């Protein structure tokens, strides 16, 4: 009755294994993790305290390809098979998705102790933005940064921003090669070229000021492009490796944060600190509640982060607005009439207050954000085991949770005929968003306590957007002027492009071209240009 002799053959087997020919060793080096992965998934499927796990063939990679390319189609199939809670493996991480309004509640209103945004995102954002801000700091520091930034985003600030943003749009119609309205009465444009440029010109001028805007007229502009390239999903898996892409990013962050710091120390030197812009505002208001001041480097870093985030969501969105309106001359006509009524045939100057009396214009923004949530997925890293209410499911620490309000935006259940563009579904409901009941303050002002609205373009809970009113102001001024100045349509045979879901925001697949025409071919934009 000896089993020790089997224990010998274990040792013998280990030794024969290590002496296999290389062609068999390498072969096993592949085949063993493969086989184990399959065996492990099958075993996992037995657990009742775990949501269903999407099956996958390639270890570590998981469902990355189909999630990367077609995430809403991936979610819809998964939802059909498993219901609203399911997991899937993604480049080494386990993502637990919770679709629908209950998922919105589960993730956006999760306790600070249970989940972490910075543990999910910092490896992406910190190299691009800089140290000490956003996700390179505790949540309570982020809470207060948002509060500081929000202090320059007031009604009175928006009133002074509107004419600056308008000036920038008109200058862009005047000077950009894409328009030249004093020289051309019609032309073709790629909206993925024009919208990122108009967005940076308008956001710089208003949030950063004239100096920083003037800088965009120089080679300095290319640093933003460089810094921009580092803001990609590839940094999500390979945040640092010695390629040139990574060094131009690092250099740009230094050069740009350097430029903001120079301005700041200049203003403080001359005591030229007023109430013009976000820089003025963070110079007067950036001391945390424990007495610690933000450094000039941290202020600069925060400016980069805020502008870059606001850059991509807004540029994506105005691109989509243009793209949906290009096959909807009926809606352009309707918007044009509202412009004529609110601005007295154009004899009134556009102001912030008049912007608020343009419901059809804001409804168009609202509907575009419904069909095109620029962030298709939001993540948190799970920090403690989470029990899913009314289920037997437990999400263990180390998993990630993924929420996707953009997906629910496209469901017929919540939005009848959700794939049709219809600004009138928001009739009598043109607010950018609104809390349906009770409110709470996490540090940056009172916001909706419930996050169960099927429409959640700005998220909710402690990580909620603070730029929505600035985005509406910017998009509003911009579209008010496009509409009053131009008509536009598609080249023959072209229609609304499909989304490119592989980028950081879900911009349209380019080239996305429209043909524009002056409503008033003889109208001229004044001012000087070289």
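Residue numbers count along the first chain shown, from 1.
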- request: Select between 260-268 and 189-197 the stretch whose C-alpha atoms have the higher average B-factor in the entry.
  value: 260-268
field: 373-381 versus 87-95 - greater average Cα B-factor per the deposited record
entry: 87-95
message: Sorting 33, 461, 497, 476 by Cα temperature factor from the record, which one lands on top?
response: 33
- prompt: Which has the highest CA B-factor per the PDB entry: 424, 131, 141, 80?
  reply: 80
task: Divide the modelled residues of the chain into thirds by Cα B-factor and specify which third, lowest, middle or highest, holds residue 450.
output: middle
query: Mind checking which third residue 103 falls in for C-alpha B-factor across the chain?
result: middle
field: Relative C-alpha B-factor of residue 250, binned into the chain's lowest, middle or highest third
entry: highest
task: Relative to the other modelled residues of the same chain, rank the CA B-factor of residue 25 and answer lowest, middle or highest third.
output: highest
- request: For residue 18, return the chain-relative third of its C-alpha B-factor as stated in the PDB record: lowest, middle or highest.
  value: highest
